[PDB]
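Comments concern the structure below.
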Ligand SMILES: Nc1ncnc2c1ncn2[C@@H]1O[C@H](COP(=O)(O)OP(=O)(O)OP(=O)(O)O)[C@@H](O)[C@H]1O
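Residue numbers (this note's numbering), protein chains in the order written: chain A, 26 to 94; chain B, 592 to 643; chain C, 68 to 685.
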């Protein structure tokens, strides 16, 4: 039941993570890419969770870029 | 996220397998397709339809 | 109403009154025999003598059912049948007295069994036995009181036509369950194939056991989705999941669109299902004869290419198969080919064995190879051969081994019972106990035997071949009798007559009268071994098909290796040793050297001193 329950936005998050992995010259799809893929989907329920917690798009990108190499 | 969001006799006297398998918790049975097909072919018959 | 008898045993007339089970078919003679014996003044206790599994319970079921159908005569009219199982066996003796008293008082209760001697002496109980012959001759015959009170009745498996009638009688009971249209031609093919191979549990369970997968295969193949409904069902499921997620997301703007899409997909799925089921119902589930053959191919392991035959080209291809597997000496092949077809057609007596050939000649010529080739070309199974060595059958106590252990002490009959269609081969028949010769003569004449337990084995479909080493000294003298030649130029009939004349001196004159044809093997020459080497090379290449390696051996190497172990007495035994120690020793090292010759071509050539190996592309 891996792909039998994912919604349309769930696959969009995975596609965003996959396309961000190529640009960052990373051969491994780590957990740091799924976070970026989720942040670029302001339509899901999780979008309201981060919006209400003063979590924007530009801050998380630089915060995760600093941690990773 | 929370705030922003039938034959009952046999059910209690035994355990139901397809209910748990529906939730997607059991390990996927891989490589037993031949046995599954043999069992379903044997089971679908008027006589001698109880595979062992 | 005999309440005690109705509670301590199971009543059959109540079950037969409703008729929920299939009626007893093919037992129209056993019922009449039972009702005739029960009407006799003396020996009114019939016994169902027979091996378990032949349908002894069906006889009692039919006897009980005949009461409901009003087919029993006035002697057995409106009389219930009660069966007492062996699982209810002091306090035990206190119930049977009341049961027999109730039976005597009522007068319409018929006892059935699988202390009581005074009861049977006066004939107050019309019990019907169902024990096997071995127990009947061990516990009943030893008592004189029950000897004149029980009438033995022979109950065994019916005929093939009776089995066909039984299968056709219950056709509806199988066709109405899974809605399968069983063709008439499939019944006869199924009953033929079931008796051809499955002959262990007797009738009727060895013939009705084929209809469990043959029809189910086509039923399941025609019941699947041809990539039409599965995609629509997946789309419906994903739309339903998306709609549920939207409902739980408090976003009803897309809820209407999702509901409309789900309704449209449901309508499309209903239309597709209707149009598919109309097409499916437009045709019937007819059955072919190939399904039964496929099922029996997996039941016994026999390849489908052998089972799918009309039993007409097998005789023609027997000679070709024997010539291919056995190199040279076609006289024996032609002599045995003519005799087997006469018996197969029906010219020979059906009770007598099909083949009664005798193998004669020097050792190492390949008699076992010819026997295996014949068994494969006639029955299709290489391992369906039973070999009994007469070296151990030299004393008088050895005669009680192949026929079975007599009661009081604790082979061939037991093994041949499970495989009636098997080739039987014997060795050192010239040195055996005299009683074994009498047993073999009885097999060749009568066509069947009987063990100490009373069970009758079958030898009508068995081929008996006896290998004798006597007379080998005469053949070798003829080869060297004349300089520049041998006896190969002589006619085969003259040598056969001389060997037959020399054979009857040591054996019994009447023992050789049943032999269809005397088989005499020739000698191995230089040219014969060249093709044997080629056959060995071909077999080795065939055994290396998994590694995909092509091996070719030049005729020079074959000639060089043929003379390494040339000996008429040994035969072909040194050839295998020479082949294994020359080419295979180097082949194994090349295989183990990191797949050096994997997927390549290996050439064996003899330059005069050694065997140079060439490795190139394949
Ligand atoms: N023409 C032939 N082509 C190939 N192989 C042959 C040929 N003739 C004989 N052989 C081989 O000879 C071998 C001799 O072994 P086999 O056991 O058959 O001998 P036999 O002569 O029947 O004697 P025995 O009864 O003592 O075993 C056989 O295994 C067979 O492979």
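For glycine and all other residues, C-beta sits at the position ideal for the given N, C-alpha and C.
Residues within the region 291-319 of chain C neighbouring chain A, beta-carbon criterion of under 8 Å: 304, 305, 308, 309, 312 and 316
The region 87-102 of chain C contacting the region 220-240 of chain C, beta-carbon criterion three pairs below 8 Å: yes
Closer than 8 Å to chain B by CB, residue 74(A): yes
Start-to-end residues for the beta strand (DSSP E) that takes in residue 150(C): 147-150
Under 8 Å between C-beta atoms of residue 191(C) and residue 172(C): no
Local Cβ density within 10 Å of residue 86(C), reported as buried at 16 or more and exposed below that: exposed
Cβ-heavy atom distance, residue 388(C) to ligand 1, below 7 Å: no
Contact test: residue 602(C) Cβ vs ligand 1 heavy atom, cutoff 7 Å: yes
Among 665(C), 325(C), 217(C) and 525(C), the one whose alpha carbon lies nearest that of residue 187(C): 217(C)
Candidates 289(C), 287(C) and 264(C), of which the one nearest residue 277(C) by Cα: 264(C)
Length of the line joining the Cα atoms of residue 548(C) and residue 540(C): 12 Å
Against chain C: residues of the region 37-50 of chain A by CB proximity under 9 Å: none
Beta carbon proximity, residue 70(A) to chain E, threshold 8 Å: Absence of chain E from the displayed structure is noted, the protein chains being A, B and C.
Span of the beta strand (DSSP E), counted from its first residue to its last, around residue 218(C): 218-221
Contact set, ligand 1 heavy atom to C-beta under 6 Å: 393(C), 394(C), 395(C), 430(C), 431(C), 432(C), 433(C), 434(C), 435(C), 436(C), 494(C), 534(C), 599(C), 602(C), 638(C) and 639(C)
Of the listed residues 291(C), 203(C), 568(C) and 95(C), nearest to residue 129(C) (C-alpha basis): 95(C)
Chain B contact residues for residue 241(C), given Cβ-Cβ distances below 8 Å: 637 and 638
Under the three-state DSSP convention, the category residue 315(C) falls into: helix
Chain A within 8 Å of residue 605(B), Cβ atoms only: no
Paired residues, beta bridge with residue 113(C) - DSSP: 218(C)
Residue 691(C) versus residue 487(C) - alpha carbon distance: Since the first and last residues shown for chain C are 68 and 685, residue 691(C) lies out of range.
Identified DSSP bridge partners for residue 77(C): 150(C)
Chain C contact residues for residue 633(B), given Cβ-Cβ distances below 8 Å: 279, 280 and 283
Contact under 8 Å by Cβ, residue 732(C) with residue 234(C): Summary: the structure shown does not reach residue 732(C), with chain C confined to residues 68 through 685, and so no result is reported for it.
Beta-carbon contacts of residue 461(C) that lie in its chain and below 8 Å, excluding the five residues immediately before and after: 498, 499 and 500
Secondary structure of residue 603(C), DSSP reduced to three states: helix
Chain A residues whose Cβ lies nearer than 7 Å to that of residue 592(B): 70 and 74
In DSSP terms, what residue 683(C) is bridged to: 668(C)
Nearest-angstrom beta carbon gap, residue 444(C) and residue 388(C) [assumed within contact, 8 Å]: 4 Å
Residue 534(C) (DSSP reduced to helix, strand or coil): strand
N-terminal and C-terminal residue of the beta strand (DSSP E) that residue 504(C) is part of: It is not in any beta strand (DSSP E) - residue 504(C) instead sits in the alpha helix (DSSP H) that spans 501-512.
Buried versus exposed, by CB contacts within 10 Å (16 or more), residue 449(C): exposed
Three CB pairs or more closer than 8 Å across the region 569-588 of chain C and the region 606-621 of chain C: no
Simplified DSSP assignment, three categories, for residue 444(C): helix
Residue 64(A): contacting residues in chain B (beta-carbon distance under 9 Å): Within 9 Å Cβ-Cβ: nothing; residue 64(A) doesn't reach chain B, min ~16 Å.
Three-state secondary structure assigned by DSSP to residue 454(C): strand
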